[PDB]
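Have a look at coords-v8.pdb; it's PDB, C-alpha atoms and all ligand atoms:
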```
ATOM      1  CA  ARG A   5       0.000   0.000   0.000
ATOM      2  CA  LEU A   6       2.151   2.883   1.330
ATOM      3  CA  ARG A   7       5.932   2.671   1.781
ATOM      4  CA  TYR A   8       8.405   4.703   3.778
ATOM      5  CA  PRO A   9      10.713   6.159   2.494
ATOM      6  CA  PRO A  10       8.303   7.184  -0.228
ATOM      7  CA  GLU A  11       8.949   7.015  -3.956
ATOM      8  CA  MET A  12       7.961  10.400  -5.389
ATOM      9  CA  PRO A  13       8.654  10.414  -9.149
ATOM     10  CA  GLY A  14       8.903  13.795 -10.838
ATOM     11  CA  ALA A  15       8.790  15.705  -7.547
ATOM     12  CA  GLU A  16      11.378  18.337  -6.741
ATOM     13  CA  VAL A  17      12.957  17.610  -3.350
ATOM     14  CA  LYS A  18      13.773  20.444  -0.939
ATOM     15  CA  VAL A  19      14.859  20.260   2.698
ATOM     16  CA  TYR A  20      12.575  22.598   4.657
ATOM     17  CA  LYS A  21      13.926  21.801   8.099
ATOM     18  CA  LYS A  22      16.992  20.290   9.706
ATOM     19  CA  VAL A  23      16.460  19.111  13.262
ATOM     20  CA  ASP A  24      18.262  16.383  15.236
ATOM     21  CA  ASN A  25      20.454  15.627  12.191
ATOM     22  CA  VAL A  26      17.252  14.742  10.284
ATOM     23  CA  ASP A  27      16.629  16.564   6.982
ATOM     24  CA  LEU A  28      12.879  16.879   6.547
ATOM     25  CA  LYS A  29      11.808  17.004   2.900
ATOM     26  CA  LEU A  30       9.109  18.689   0.874
ATOM     27  CA  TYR A  31       8.208  16.878  -2.348
ATOM     28  CA  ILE A  32       7.153  19.652  -4.739
ATOM     29  CA  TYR A  33       4.935  19.222  -7.819
ATOM     30  CA  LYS A  34       5.051  22.230 -10.100
ATOM     31  CA  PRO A  35       2.419  22.993 -12.756
ATOM     32  CA  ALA A  36       3.016  23.434 -16.455
ATOM     33  CA  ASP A  37       4.175  26.907 -17.499
ATOM     34  CA  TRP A  38       5.609  27.507 -14.017
ATOM     35  CA  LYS A  39       7.961  30.481 -13.522
ATOM     36  CA  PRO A  40       9.479  31.875 -10.309
ATOM     37  CA  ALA A  41       7.715  35.171 -10.971
ATOM     38  CA  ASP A  42       4.337  33.383 -10.676
ATOM     39  CA  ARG A  43       2.048  34.070  -7.716
ATOM     40  CA  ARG A  44       0.288  30.717  -7.642
ATOM     41  CA  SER A  45      -1.569  29.222  -4.749
ATOM     42  CA  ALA A  46       0.182  26.401  -2.931
ATOM     43  CA  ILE A  47      -1.026  23.353  -0.978
ATOM     44  CA  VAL A  48       1.044  21.431   1.603
ATOM     45  CA  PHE A  49      -0.234  17.928   2.436
ATOM     46  CA  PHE A  50       0.502  16.189   5.743
ATOM     47  CA  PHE A  51       0.092  12.434   5.725
ATOM     48  CA  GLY A  52      -1.821  10.546   8.457
ATOM     49  CA  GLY A  53      -0.646   7.734  10.739
ATOM     50  CA  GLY A  54      -1.346   8.625  14.360
ATOM     51  CA  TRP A  55       1.739  10.897  14.633
ATOM     52  CA  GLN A  56       3.624   7.540  14.702
ATOM     53  CA  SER A  57       3.858   6.384  11.034
ATOM     54  CA  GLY A  58       2.516   7.108   7.557
ATOM     55  CA  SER A  59       4.162   8.296   4.350
ATOM     56  CA  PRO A  60       4.313  11.424   2.131
ATOM     57  CA  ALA A  61       3.294   9.079  -0.684
ATOM     58  CA  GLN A  62      -0.259   9.071   0.739
ATOM     59  CA  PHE A  63      -1.154  12.402  -0.930
ATOM     60  CA  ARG A  64       1.052  11.954  -4.013
ATOM     61  CA  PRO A  65      -2.002  11.486  -6.304
ATOM     62  CA  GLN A  66      -3.653  14.638  -4.916
ATOM     63  CA  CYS A  67      -0.389  16.551  -5.436
ATOM     64  CA  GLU A  68      -0.361  15.548  -9.101
ATOM     65  CA  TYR A  69      -3.983  16.614  -9.493
ATOM     66  CA  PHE A  70      -3.540  20.053  -7.972
ATOM     67  CA  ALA A  71      -0.307  20.798  -9.846
ATOM     68  CA  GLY A  72      -2.270  19.815 -12.960
ATOM     69  CA  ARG A  73      -4.764  22.526 -11.922
ATOM     70  CA  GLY A  74      -2.044  25.183 -11.674
ATOM     71  CA  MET A  75      -1.067  24.888  -8.008
ATOM     72  CA  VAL A  76       2.370  24.405  -6.500
ATOM     73  CA  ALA A  77       1.492  21.201  -4.649
ATOM     74  CA  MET A  78       3.692  19.501  -2.107
ATOM     75  CA  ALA A  79       3.774  16.650   0.350
ATOM     76  CA  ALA A  80       5.701  17.298   3.550
ATOM     77  CA  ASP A  81       7.640  14.696   5.465
ATOM     78  CA  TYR A  82       7.516  15.354   9.220
ATOM     79  CA  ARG A  83       8.936  13.538  12.268
ATOM     80  CA  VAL A  84       6.866  10.676  13.708
ATOM     81  CA  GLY A  85       7.068   8.567  16.809
ATOM     82  CA  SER A  86       8.082   5.228  15.267
ATOM     83  CA  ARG A  87      11.080   6.826  13.564
ATOM     84  CA  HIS A  88      12.023   9.788  15.758
ATOM     85  CA  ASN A  89      11.904  10.558  19.486
ATOM     86  CA  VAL A  90       9.001  13.004  19.055
ATOM     87  CA  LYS A  91       5.621  13.803  20.547
ATOM     88  CA  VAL A  92       2.605  15.388  18.874
ATOM     89  CA  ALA A  93       3.816  18.909  19.817
ATOM     90  CA  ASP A  94       6.996  18.274  17.801
ATOM     91  CA  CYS A  95       4.970  17.169  14.784
ATOM     92  CA  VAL A  96       3.095  20.469  15.072
ATOM     93  CA  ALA A  97       6.349  22.417  15.025
ATOM     94  CA  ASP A  98       7.385  20.543  11.874
ATOM     95  CA  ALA A  99       4.070  21.311  10.177
ATOM     96  CA  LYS A 100       4.412  24.996  11.087
ATOM     97  CA  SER A 101       8.051  24.955   9.850
ATOM     98  CA  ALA A 102       6.769  23.647   6.482
ATOM     99  CA  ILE A 103       4.231  26.452   6.088
ATOM    100  CA  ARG A 104       6.766  29.063   7.233
ATOM    101  CA  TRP A 105       9.374  27.652   4.790
ATOM    102  CA  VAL A 106       7.000  27.872   1.802
ATOM    103  CA  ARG A 107       6.061  31.466   2.702
ATOM    104  CA  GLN A 108       9.695  32.357   3.300
ATOM    105  CA  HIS A 109      10.567  30.887  -0.123
ATOM    106  CA  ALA A 110       7.423  32.056  -1.898
ATOM    107  CA  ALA A 111       9.408  34.095  -4.450
ATOM    108  CA  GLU A 112      11.570  31.116  -5.487
ATOM    109  CA  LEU A 113       8.472  28.916  -5.537
ATOM    110  CA  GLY A 114       6.283  31.062  -7.764
ATOM    111  CA  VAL A 115       3.804  31.198  -4.862
ATOM    112  CA  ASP A 116       1.525  33.907  -3.464
ATOM    113  CA  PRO A 117       2.500  34.022   0.254
ATOM    114  CA  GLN A 118      -1.156  34.743   1.053
ATOM    115  CA  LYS A 119      -2.510  31.688  -0.807
ATOM    116  CA  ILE A 120      -0.825  28.774   1.053
ATOM    117  CA  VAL A 121      -3.277  25.925   1.829
ATOM    118  CA  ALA A 122      -2.602  23.338   4.558
ATOM    119  CA  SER A 123      -4.146  19.906   4.085
ATOM    120  CA  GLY A 124      -3.858  16.479   5.615
ATOM    121  CA  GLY A 125      -5.488  13.255   6.722
ATOM    122  CA  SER A 126      -6.314  12.147  10.271
ATOM    123  CA  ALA A 127      -3.148  13.040  12.273
ATOM    124  CA  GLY A 128      -1.905  15.185   9.337
ATOM    125  CA  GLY A 129      -5.359  16.730   9.174
ATOM    126  CA  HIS A 130      -4.888  17.706  12.825
ATOM    127  CA  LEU A 131      -1.511  19.211  11.904
ATOM    128  CA  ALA A 132      -3.038  21.189   9.035
ATOM    129  CA  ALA A 133      -5.648  22.536  11.422
ATOM    130  CA  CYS A 134      -2.943  23.435  13.931
ATOM    131  CA  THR A 135      -1.215  25.559  11.293
ATOM    132  CA  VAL A 136      -4.378  27.641  10.837
ATOM    133  CA  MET A 137      -5.701  28.013  14.346
ATOM    134  CA  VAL A 138      -3.510  26.549  17.117
ATOM    135  CA  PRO A 139      -1.035  29.145  18.496
ATOM    136  CA  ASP A 140       2.673  28.762  19.285
ATOM    137  CA  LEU A 141       4.501  25.394  19.206
ATOM    138  CA  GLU A 142       6.916  26.969  16.716
ATOM    139  CA  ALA A 143      10.472  25.829  16.141
ATOM    140  CA  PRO A 144      12.322  28.123  18.566
ATOM    141  CA  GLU A 145      15.164  29.106  16.238
ATOM    142  CA  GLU A 146      13.027  30.019  13.219
ATOM    143  CA  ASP A 147      12.194  33.636  12.270
ATOM    144  CA  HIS A 148       8.850  34.094  13.952
ATOM    145  CA  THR A 149       8.274  37.363  12.043
ATOM    146  CA  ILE A 150       7.482  35.097   9.087
ATOM    147  CA  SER A 151       4.045  33.712   9.830
ATOM    148  CA  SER A 152       3.576  29.950   9.890
ATOM    149  CA  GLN A 153      -0.230  30.278   9.647
ATOM    150  CA  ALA A 154      -1.757  28.843   6.482
ATOM    151  CA  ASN A 155      -4.367  30.826   4.525
ATOM    152  CA  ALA A 156      -6.930  27.989   4.099
ATOM    153  CA  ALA A 157      -7.251  24.359   5.061
ATOM    154  CA  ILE A 158      -8.542  21.199   3.390
ATOM    155  CA  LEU A 159      -9.033  18.493   6.003
ATOM    156  CA  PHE A 160      -9.573  14.737   5.410
ATOM    157  CA  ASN A 161     -11.201  13.101   8.502
ATOM    158  CA  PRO A 162      -8.975  15.190  10.830
ATOM    159  CA  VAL A 163      -8.495  14.710  14.557
ATOM    160  CA  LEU A 164      -9.714  17.958  16.086
ATOM    161  CA  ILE A 165     -10.356  17.279  19.828
ATOM    162  CA  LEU A 166      -7.421  16.010  21.924
ATOM    163  CA  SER A 167      -8.457  17.003  25.466
ATOM    164  CA  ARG A 168     -11.541  16.053  27.449
ATOM    165  CA  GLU A 169     -11.325  19.325  29.408
ATOM    166  CA  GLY A 170     -14.488  21.398  29.517
ATOM    167  CA  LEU A 171     -16.461  18.449  28.180
ATOM    168  CA  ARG A 185      -1.552  12.143  27.015
ATOM    169  CA  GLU A 186       1.885  10.469  27.250
ATOM    170  CA  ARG A 187       2.451  11.062  23.516
ATOM    171  CA  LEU A 188       1.326  14.718  23.281
ATOM    172  CA  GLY A 189       4.417  16.574  24.539
ATOM    173  CA  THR A 190       2.239  19.336  26.073
ATOM    174  CA  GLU A 191      -0.916  19.778  28.051
ATOM    175  CA  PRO A 192      -3.730  18.315  25.929
ATOM    176  CA  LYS A 193      -5.482  21.624  25.221
ATOM    177  CA  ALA A 194      -2.309  23.144  23.758
ATOM    178  CA  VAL A 195      -2.450  20.715  20.814
ATOM    179  CA  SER A 196      -6.240  20.635  20.450
ATOM    180  CA  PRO A 197      -7.704  22.675  17.531
ATOM    181  CA  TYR A 198     -11.229  22.540  19.011
ATOM    182  CA  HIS A 199     -10.109  24.488  22.081
ATOM    183  CA  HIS A 200      -8.860  27.388  19.857
ATOM    184  CA  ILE A 201     -12.003  28.162  17.807
ATOM    185  CA  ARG A 202     -12.200  31.943  17.405
ATOM    186  CA  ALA A 203     -13.387  34.573  14.952
ATOM    187  CA  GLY A 204     -11.339  35.614  11.961
ATOM    188  CA  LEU A 205      -9.859  32.267  11.018
ATOM    189  CA  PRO A 206      -8.879  31.105   7.516
ATOM    190  CA  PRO A 207     -11.481  29.251   5.443
ATOM    191  CA  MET A 208     -11.607  25.472   5.432
ATOM    192  CA  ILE A 209     -13.481  22.471   4.120
ATOM    193  CA  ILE A 210     -13.636  19.100   5.927
ATOM    194  CA  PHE A 211     -14.460  15.636   4.547
ATOM    195  CA  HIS A 212     -15.558  13.107   7.159
ATOM    196  CA  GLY A 213     -17.284   9.721   7.259
ATOM    197  CA  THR A 214     -20.359   9.164   9.384
ATOM    198  CA  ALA A 215     -19.288   5.616  10.309
ATOM    199  CA  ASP A 216     -15.769   6.726  11.299
ATOM    200  CA  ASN A 217     -14.850   4.572  14.318
ATOM    201  CA  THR A 218     -11.428   6.240  14.791
ATOM    202  CA  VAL A 219     -12.555   9.880  14.853
ATOM    203  CA  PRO A 220     -16.260  10.202  15.783
ATOM    204  CA  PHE A 221     -18.162  12.327  13.276
ATOM    205  CA  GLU A 222     -19.965  14.192  16.065
ATOM    206  CA  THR A 223     -16.663  15.685  17.264
ATOM    207  CA  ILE A 224     -16.247  17.241  13.809
ATOM    208  CA  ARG A 225     -19.863  18.378  13.486
ATOM    209  CA  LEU A 226     -19.540  20.045  16.890
ATOM    210  CA  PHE A 227     -16.334  21.682  15.697
ATOM    211  CA  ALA A 228     -17.876  23.006  12.472
ATOM    212  CA  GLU A 229     -20.970  24.209  14.338
ATOM    213  CA  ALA A 230     -18.921  26.327  16.763
ATOM    214  CA  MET A 231     -16.707  27.444  13.882
ATOM    215  CA  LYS A 232     -19.664  28.814  11.922
ATOM    216  CA  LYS A 233     -20.920  30.533  15.098
ATOM    217  CA  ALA A 234     -17.625  32.422  15.230
ATOM    218  CA  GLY A 235     -18.166  33.648  11.676
ATOM    219  CA  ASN A 236     -15.711  31.286   9.997
ATOM    220  CA  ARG A 237     -16.119  29.546   6.645
ATOM    221  CA  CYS A 238     -16.035  25.919   7.789
ATOM    222  CA  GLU A 239     -17.819  23.424   5.524
ATOM    223  CA  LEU A 240     -18.268  19.826   6.724
ATOM    224  CA  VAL A 241     -19.063  17.376   3.921
ATOM    225  CA  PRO A 242     -20.439  14.133   5.412
ATOM    226  CA  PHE A 243     -19.767  10.902   3.570
ATOM    227  CA  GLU A 244     -22.732   8.776   4.607
ATOM    228  CA  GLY A 245     -21.713   5.419   6.045
ATOM    229  CA  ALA A 246     -18.055   5.931   5.133
ATOM    230  CA  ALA A 247     -15.312   4.834   7.505
ATOM    231  CA  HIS A 248     -11.939   6.223   8.496
ATOM    232  CA  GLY A 249      -9.703   6.661   5.449
ATOM    233  CA  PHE A 250     -12.479   6.512   2.822
ATOM    234  CA  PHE A 251     -10.948   9.404   0.818
ATOM    235  CA  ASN A 252      -7.659   7.713  -0.031
ATOM    236  CA  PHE A 253      -6.662   6.852  -3.582
ATOM    237  CA  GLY A 254      -7.433   3.197  -4.186
ATOM    238  CA  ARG A 255     -10.313   2.852  -1.708
ATOM    239  CA  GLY A 256     -13.654   1.543  -2.936
ATOM    240  CA  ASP A 257     -13.720   2.489  -6.612
ATOM    241  CA  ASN A 258     -12.012   5.879  -6.108
ATOM    242  CA  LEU A 259     -15.486   7.401  -5.861
ATOM    243  CA  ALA A 260     -14.628   9.085  -2.553
ATOM    244  CA  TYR A 261     -11.131  10.024  -3.754
ATOM    245  CA  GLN A 262     -12.681  11.553  -6.892
ATOM    246  CA  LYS A 263     -15.489  13.448  -5.163
ATOM    247  CA  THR A 264     -13.245  14.891  -2.445
ATOM    248  CA  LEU A 265     -10.961  16.235  -5.179
ATOM    249  CA  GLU A 266     -13.986  17.729  -6.951
ATOM    250  CA  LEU A 267     -15.318  19.254  -3.722
ATOM    251  CA  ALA A 268     -11.874  20.565  -2.739
ATOM    252  CA  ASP A 269     -11.427  22.006  -6.248
ATOM    253  CA  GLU A 270     -14.687  23.970  -5.992
ATOM    254  CA  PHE A 271     -13.692  25.181  -2.531
ATOM    255  CA  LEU A 272     -10.424  26.617  -3.844
ATOM    256  CA  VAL A 273     -12.219  28.328  -6.755
ATOM    257  CA  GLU A 274     -14.818  29.642  -4.291
ATOM    258  CA  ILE A 275     -12.185  31.412  -2.146
ATOM    259  CA  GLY A 276     -10.251  32.606  -5.224
ATOM    260  CA  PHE A 277      -7.181  30.401  -4.939
ATOM    261  CA  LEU A 278      -7.858  28.461  -8.156
ATOM    262  CA  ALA A 279      -9.305  29.444 -11.529
ATOM    263  CA  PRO A 280     -12.430  27.638 -12.789
ATOM    264  CA  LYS A 281     -11.923  24.751 -15.197
TER     265      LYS A 281
HETATM  266 NA    NA A 301       9.874  20.009 -11.551
END
```

Written as structure tokens, that's how I'd like the structure from this file.
Amino acid sequence: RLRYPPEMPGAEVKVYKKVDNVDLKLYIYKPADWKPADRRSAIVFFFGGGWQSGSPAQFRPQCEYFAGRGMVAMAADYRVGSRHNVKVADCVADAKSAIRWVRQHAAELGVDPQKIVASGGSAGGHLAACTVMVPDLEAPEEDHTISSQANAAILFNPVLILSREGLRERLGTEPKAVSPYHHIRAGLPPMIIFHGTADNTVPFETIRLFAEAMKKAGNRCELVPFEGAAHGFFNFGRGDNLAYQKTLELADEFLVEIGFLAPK
């Protein structure tokens, strides 16, 4: 199914972070007619795997699709528990480093620094959400005057509640500090969420409750239920790629809606 290290044919490889003698890579898919002077939107995908495993190859098909639509699309590698001595808070710092790196290098990348989308599945969906709405947890030696906050998010059955407060050994902080749900506030970037109603790993009600309170704060937060679908339904190769195909179509219309992508 998925392998690590990933095989990423045609991708440009860039090291976005060096930490603990590990070089963390972005696998970059550029569109046709790309030039550094471009101001294209960008999307950074974070794979899932419980902050313990997974592979950047997971979102390789989606990268190819969005580069084919004119986007600078990339899949980030980030540290995980089965390979590195990290906790969830470290994964968050890596995901923020990736967004900060793309913004910092927006001119070399042909990217609009205000059109960077964070995206991910399950644990990497959590990380994407952290880069839009969870404060701090930044790499301490990076230039914090470059924002690590993404400008939109596309989430594939994300984990969004990590503390049972107001309602742990692997987190690296107090639970609330890594929990997107406990940071809902007005003025947040737009996002779309795909989630299965029969998800036994991340209960759908936790996401519906999230999106409800997100709309109350005035945020554009669309939850697309996939009736009877289970955790992971969206992945390439699952079912007959019906869910993979429709999530791409729904994500495409979301990016055109907010002005990041041109209509087909
Ligand atoms: Na290339």

* Check what the PyMOL selection byres (((chain A and resi 164) around 9) and not hetatm) selects in the file above and give those residues as an MDAnalysis selection string. => chainID A and resid 126 129:130 133:134 162:163 165:166 196:199 219 223:224 227

Keeping C-alpha atoms, export the residues of the selection given above as a CSV table (one decimal), keeping the file's coordinate frame.
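And here's result.csv as it stands now:
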```
chain,number,residue,atom,x,y,z
A,126,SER,CA,-6.3,12.1,10.3
A,129,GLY,CA,-5.4,16.7,9.2
A,130,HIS,CA,-4.9,17.7,12.8
A,133,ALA,CA,-5.6,22.5,11.4
A,134,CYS,CA,-2.9,23.4,13.9
A,162,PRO,CA,-9.0,15.2,10.8
A,163,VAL,CA,-8.5,14.7,14.6
A,165,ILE,CA,-10.4,17.3,19.8
A,166,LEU,CA,-7.4,16.0,21.9
A,196,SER,CA,-6.2,20.6,20.4
A,197,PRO,CA,-7.7,22.7,17.5
A,198,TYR,CA,-11.2,22.5,19.0
A,199,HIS,CA,-10.1,24.5,22.1
A,219,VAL,CA,-12.6,9.9,14.9
A,223,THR,CA,-16.7,15.7,17.3
A,224,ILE,CA,-16.2,17.2,13.8
A,227,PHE,CA,-16.3,21.7,15.7
```

* Just the residues within 12 Å of residue 108 (chain A), please, counting all atoms listed in the file, with nothing from its chain fewer than 2 positions along; format it as a list in words. =>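 Close residues of residue 108 (chain A): residues 20, 100, 101, 102, 103, 104, 105, 106, 110, 111, 112, 113, 114, 115, 116, 117, 118, 120, 146, 147, 148, 149, 150, 151, 152 and 153 of chain A.
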
* To do: Within 12 Å of ligand NA 301 (chain A), which residues show up when you count all atoms listed in the file? List them as a PyMOL selection string, please.
  => chain A and resi 12-18+31-40+68+71+76-78+113

For those residues, write C-alpha atoms to a file as a short mmCIF file (atom, residue, chain, number, x, y, z; two decimals), keeping the file's coordinate frame.
```cif
data_model
loop_
_atom_site.label_atom_id
_atom_site.label_comp_id
_atom_site.auth_asym_id
_atom_site.auth_seq_id
_atom_site.Cartn_x
_atom_site.Cartn_y
_atom_site.Cartn_z
CA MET A 12 7.96 10.40 -5.39
CA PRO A 13 8.65 10.41 -9.15
CA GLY A 14 8.90 13.80 -10.84
CA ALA A 15 8.79 15.70 -7.55
CA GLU A 16 11.38 18.34 -6.74
CA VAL A 17 12.96 17.61 -3.35
CA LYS A 18 13.77 20.44 -0.94
CA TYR A 31 8.21 16.88 -2.35
CA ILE A 32 7.15 19.65 -4.74
CA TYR A 33 4.93 19.22 -7.82
CA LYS A 34 5.05 22.23 -10.10
CA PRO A 35 2.42 22.99 -12.76
CA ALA A 36 3.02 23.43 -16.45
CA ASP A 37 4.18 26.91 -17.50
CA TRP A 38 5.61 27.51 -14.02
CA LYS A 39 7.96 30.48 -13.52
CA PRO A 40 9.48 31.88 -10.31
CA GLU A 68 -0.36 15.55 -9.10
CA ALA A 71 -0.31 20.80 -9.85
CA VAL A 76 2.37 24.40 -6.50
CA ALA A 77 1.49 21.20 -4.65
CA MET A 78 3.69 19.50 -2.11
CA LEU A 113 8.47 28.92 -5.54
#
```

* To do: For residue 264 (chain A), please output as a ChimeraX atom specification all residues within 9 Å (counting all atoms listed in the file; exclusion window: fewer than 5 positions along the same chain).
  => /A:160,211,241,251,259,269

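The space between CA of residue 94 (chain A) and CA of residue 123 (chain A) spans 17.7 Å.
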
* **Selection dump of the PyMOL selection byres (((chain A and resi 52) around 9) and not hetatm), as a list in words** =>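 Applying the PyMOL selection byres (((chain A and resi 52) around 9) and not hetatm) to the structure shown produces residues 50, 51, 53, 54, 55, 56, 57, 58, 59, 60, 62, 124, 125, 126, 127, 128, 129, 130 and 162 of chain A.
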
Store the residues picked out above, limited to C-alpha atoms, as a compact mmCIF listing (two decimals), in the coordinates of the input.
```
# COMPACT_ATOMS: atom_id res chain seq x y z
CA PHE A 50 0.50 16.19 5.74
CA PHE A 51 0.09 12.43 5.72
CA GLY A 53 -0.65 7.73 10.74
CA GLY A 54 -1.35 8.62 14.36
CA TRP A 55 1.74 10.90 14.63
CA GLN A 56 3.62 7.54 14.70
CA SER A 57 3.86 6.38 11.03
CA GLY A 58 2.52 7.11 7.56
CA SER A 59 4.16 8.30 4.35
CA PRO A 60 4.31 11.42 2.13
CA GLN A 62 -0.26 9.07 0.74
CA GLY A 124 -3.86 16.48 5.62
CA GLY A 125 -5.49 13.26 6.72
CA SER A 126 -6.31 12.15 10.27
CA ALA A 127 -3.15 13.04 12.27
CA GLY A 128 -1.90 15.18 9.34
CA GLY A 129 -5.36 16.73 9.17
CA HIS A 130 -4.89 17.71 12.82
CA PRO A 162 -8.98 15.19 10.83
```

* Mind pulling up the distance from CA of residue 88 (chain A) to CA of residue 29 (chain A)? ->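 About the pair CA of residue 29 (chain A) and CA of residue 88 (chain A): they are 14.7 Å apart.
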
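Here CA of residue 47 (chain A) and CA of residue 69 (chain A) stand 11.3 Å from one another.
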
* Contacts of residue 215 (chain A) at 6 Å or less, counting all atoms listed in the file, minus same-chain residues fewer than 3 places along, as JSON, numbers by chain? -> {"A": [245, 246, 247]}

* Can you list what the PyMOL selection byres (((chain A and resi 5) around 10) and not hetatm) grabs from this structure, as a PyMOL selection string? -> chain A and resi 6-7+61-62+254

* **Counting only C-alpha atoms, the option among A:249, A:225, A:187, A:137 closest to residue 202 (chain A)** => A:137

* Asked: Between A:119, A:109, A:248, A:91, which one has atoms that come closest to residue 189 (chain A), using all atoms listed in the file?
  ->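 Among A:119, A:109, A:248, A:91, it is A:91 that comes nearest to residue 189 (chain A).
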
* To do: Could you tell me which of A:63, A:242, A:237, A:9 comes closest to residue 220 (chain A) if we count only C-alpha atoms?
  => A:242

* To do: Using only C-alpha atoms, find the one residue out of A:252, A:262, A:190, A:161 that sits nearest to residue 92 (chain A).
  => A:190

* Asked: Pick from A:167, A:140, A:192, A:206: nearest to residue 275 (chain A), with only C-alpha atoms counted?
  ->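 The shortest atom-to-atom distance to residue 275 (chain A) comes from A:206.
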
* To do: Point out the residue among A:240, A:143, A:48, A:279 with the least atom-to-atom distance to residue 107 (chain A), counting all atoms listed in the file.
  => A:48

* Asked: Excluding same-chain residues fewer than 6 positions from residue 200 (chain A), what lies within 10 Å of it counting all atoms listed in the file, as a list in words?
  -> residues 134, 137, 138, 139, 193, 194 and 231 of chain A

* To do: Please identify all polymer residues lying at most 12 Å from the point (-13.4, 23.3, -16.8) (file coordinates), using all atoms listed in the file, and present the result as a PyMOL selection string.
  => chain A and resi 73+266+269-270+273+278-281

Export region 165-194 of chain A of the preceding structure, keeping N, CA and C atoms, as a PDB file, in the first residue's frame.
```
ATOM      1  N   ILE A 165     -10.241  17.180  18.372  1.00  0.00           N
ATOM      2  CA  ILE A 165     -10.356  17.279  19.828  1.00  0.00           C
ATOM      3  C   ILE A 165      -9.329  16.322  20.427  1.00  0.00           C
ATOM      4  N   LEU A 166      -8.434  16.837  21.274  1.00  0.00           N
ATOM      5  CA  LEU A 166      -7.421  16.010  21.924  1.00  0.00           C
ATOM      6  C   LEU A 166      -7.440  16.108  23.440  1.00  0.00           C
ATOM      7  N   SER A 167      -8.296  16.945  24.021  1.00  0.00           N
ATOM      8  CA  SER A 167      -8.457  17.003  25.466  1.00  0.00           C
ATOM      9  C   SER A 167      -9.925  16.825  25.808  1.00  0.00           C
ATOM     10  N   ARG A 168     -10.183  16.199  26.952  1.00  0.00           N
ATOM     11  CA  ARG A 168     -11.541  16.053  27.449  1.00  0.00           C
ATOM     12  C   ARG A 168     -11.888  17.133  28.468  1.00  0.00           C
ATOM     13  N   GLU A 169     -11.019  18.136  28.621  1.00  0.00           N
ATOM     14  CA  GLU A 169     -11.325  19.325  29.408  1.00  0.00           C
ATOM     15  C   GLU A 169     -12.592  20.009  28.914  1.00  0.00           C
ATOM     16  N   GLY A 170     -13.293  20.648  29.847  1.00  0.00           N
ATOM     17  CA  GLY A 170     -14.488  21.398  29.517  1.00  0.00           C
ATOM     18  C   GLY A 170     -15.547  20.606  28.793  1.00  0.00           C
ATOM     19  N   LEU A 171     -15.537  19.285  28.926  1.00  0.00           N
ATOM     20  CA  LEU A 171     -16.461  18.449  28.180  1.00  0.00           C
ATOM     21  C   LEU A 171     -17.034  17.371  29.090  1.00  0.00           C
ATOM     22  N   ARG A 185      -2.229  10.942  26.531  1.00  0.00           N
ATOM     23  CA  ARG A 185      -1.552  12.143  27.015  1.00  0.00           C
ATOM     24  C   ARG A 185      -0.023  11.996  27.038  1.00  0.00           C
ATOM     25  N   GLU A 186       0.451  10.751  27.216  1.00  0.00           N
ATOM     26  CA  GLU A 186       1.885  10.469  27.250  1.00  0.00           C
ATOM     27  C   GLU A 186       2.578  10.800  25.925  1.00  0.00           C
ATOM     28  N   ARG A 187       1.838  10.842  24.818  1.00  0.00           N
ATOM     29  CA  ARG A 187       2.451  11.062  23.516  1.00  0.00           C
ATOM     30  C   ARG A 187       2.251  12.473  22.980  1.00  0.00           C
ATOM     31  N   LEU A 188       1.692  13.389  23.773  1.00  0.00           N
ATOM     32  CA  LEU A 188       1.326  14.718  23.281  1.00  0.00           C
ATOM     33  C   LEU A 188       2.468  15.722  23.352  1.00  0.00           C
ATOM     34  N   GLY A 189       3.333  15.616  24.363  1.00  0.00           N
ATOM     35  CA  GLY A 189       4.417  16.574  24.539  1.00  0.00           C
ATOM     36  C   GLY A 189       4.016  17.916  25.142  1.00  0.00           C
ATOM     37  N   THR A 190       2.722  18.151  25.366  1.00  0.00           N
ATOM     38  CA  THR A 190       2.239  19.336  26.073  1.00  0.00           C
ATOM     39  C   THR A 190       0.958  18.959  26.788  1.00  0.00           C
ATOM     40  N   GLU A 191       0.418  19.918  27.520  1.00  0.00           N
ATOM     41  CA  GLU A 191      -0.916  19.778  28.051  1.00  0.00           C
ATOM     42  C   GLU A 191      -1.892  19.557  26.901  1.00  0.00           C
ATOM     43  N   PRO A 192      -2.864  18.676  27.062  1.00  0.00           N
ATOM     44  CA  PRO A 192      -3.730  18.315  25.929  1.00  0.00           C
ATOM     45  C   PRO A 192      -4.328  19.499  25.189  1.00  0.00           C
ATOM     46  N   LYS A 193      -4.809  20.523  25.901  1.00  0.00           N
ATOM     47  CA  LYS A 193      -5.482  21.624  25.221  1.00  0.00           C
ATOM     48  C   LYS A 193      -4.555  22.329  24.245  1.00  0.00           C
ATOM     49  N   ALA A 194      -3.262  22.402  24.571  1.00  0.00           N
ATOM     50  CA  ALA A 194      -2.309  23.144  23.758  1.00  0.00           C
ATOM     51  C   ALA A 194      -2.138  22.556  22.365  1.00  0.00           C
TER      52      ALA A 194
END
```
